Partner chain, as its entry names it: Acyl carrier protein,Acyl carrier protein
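Next up: just one chain, as structure tokens, the form solved without its partner chain.
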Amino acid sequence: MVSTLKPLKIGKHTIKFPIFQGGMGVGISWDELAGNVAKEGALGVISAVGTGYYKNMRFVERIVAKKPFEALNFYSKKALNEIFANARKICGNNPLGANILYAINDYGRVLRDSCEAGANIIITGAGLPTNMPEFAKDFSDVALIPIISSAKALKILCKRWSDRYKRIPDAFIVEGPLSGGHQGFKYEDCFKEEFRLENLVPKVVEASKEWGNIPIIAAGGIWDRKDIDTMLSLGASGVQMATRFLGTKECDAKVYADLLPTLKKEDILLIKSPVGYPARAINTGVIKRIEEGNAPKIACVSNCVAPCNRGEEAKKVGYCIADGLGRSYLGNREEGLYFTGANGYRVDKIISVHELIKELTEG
């Protein structure tokens, strides 16, 4: 209960601790995880990606081959609404974010869906989101946070937003190459010291000075309070952490509670992705199936990302990311796809969100 970490202001919202749990798709950070995180005084973040899979397609209008048909069902408005409602049964009106990737054409529809579902903050990476305020003008209080890989992106985002909307972002998350999910770096750049998060945070904070010290949130490879203090001492206003929350009981993808305590470092690797950025995966499930020559059949049903072009890139890289992550949420160990931050192998015990926040904030 006693902490020397100070509350963090994001636009019109305040969180007791300068900690986000990063959004995790598919079905990894929904109502149980995000709700309990926000209950603890950190920012809980609901993933808006693949919400059609929620409760095995409870809220989809059409299913083909056990998959949500097209993007209107893959990004399901009614599912998102119920995930927020269920989260607020736990955290009340404590702030919640919605994470939505940029590399869908339907971006504005899902952003307004998140706003209408009750999100207080929108977080967007997997691209350069120069038009977030376009879709949010009906919701003046929702804070808007791009995820960036570099100071150059910060400067462009601020100029494009300022010129077009007379608004700048409420915060920036800078994500480094030790992160889970996709990486904002070329494969070869992920191993180079110049792009280590400790090197990126100073540059982004310095870039932020010119626009009035927009808060910078450091993400990627942050494990414990010592890493938090390191990032804060480098100018960051807070941290976003995901892999630690991936290893909590309240994670909405229950498979991880069985998979992570066995996870070995040599079984974590960067792979290709239909999204067009390197993804950090666990060497199991669909990956192993591909290497055996038993790859699941590919045929675009959910139309989940624009860069894929309805299966072109999925066929080239060998797997459909929607199908694989959805199968993991539904419990499929043989054909599911599984993601992790570089630190995933350090998960031994599965602990509660409450004990994890205690660990991260005590003192």
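Residue numbers count along the first chain shown, from 1.
Not on display, but discussed next: the form solved in complex with its partner chain.
Asker: Considering non-hydrogen atoms and a 4.5 Å limit, which listed residue (203, 160, 192, 109) is close to its partner chain in the entry with it bound?
Answerer: Checking each option against its partner chain in the entry with it bound, the one that comes within 4.5 Å is 160.
Asker: Between the options 72, 257, 290, 156, which residue brings a heavy atom to within 4.5 Å of its partner chain in the entry with it bound?
Answerer: Exactly one listed residue reaches within 4.5 Å, namely 156.
Asker: Can you tell me whether residue 213 touches its partner chain? I mean in the entry with it bound, with a 4.5 angstroms heavy atom cut-off.
Answerer: The answer is no: residue 213 has no heavy atom within 4.5 Å of its partner chain.
Asker: Indicate whether its partner chain has at least one heavy atom within 4.5 Å of a heavy atom of residue 131 in the entry with it bound.
Answerer: Yes - in the entry with it bound, heavy atoms of residue 131 and its partner chain come within 4.5 Å of each other.
Asker: Please run the contact check for residue 150 against its partner chain in the entry with it bound: heavy atoms, 4.5 angstroms, yes or no?
Answerer: Residue 150: contacts its partner chain in the entry with it bound.
Asker: Since only the chain is shown here, I'm wondering whether residue 164 would be in contact with its partner chain in the entry with it bound (any heavy atom pair within 4.5 Å).
Answerer: Flag for residue 164 set to yes.
Asker: Given the stretches 223-231, 192-200, 123-131, 166-174, which is the single one in contact with its partner chain in the entry with it bound, using a heavy atom cutoff of 4.5 Å?
Answerer: Within 4.5 Å of the partner lies stretch 123-131.
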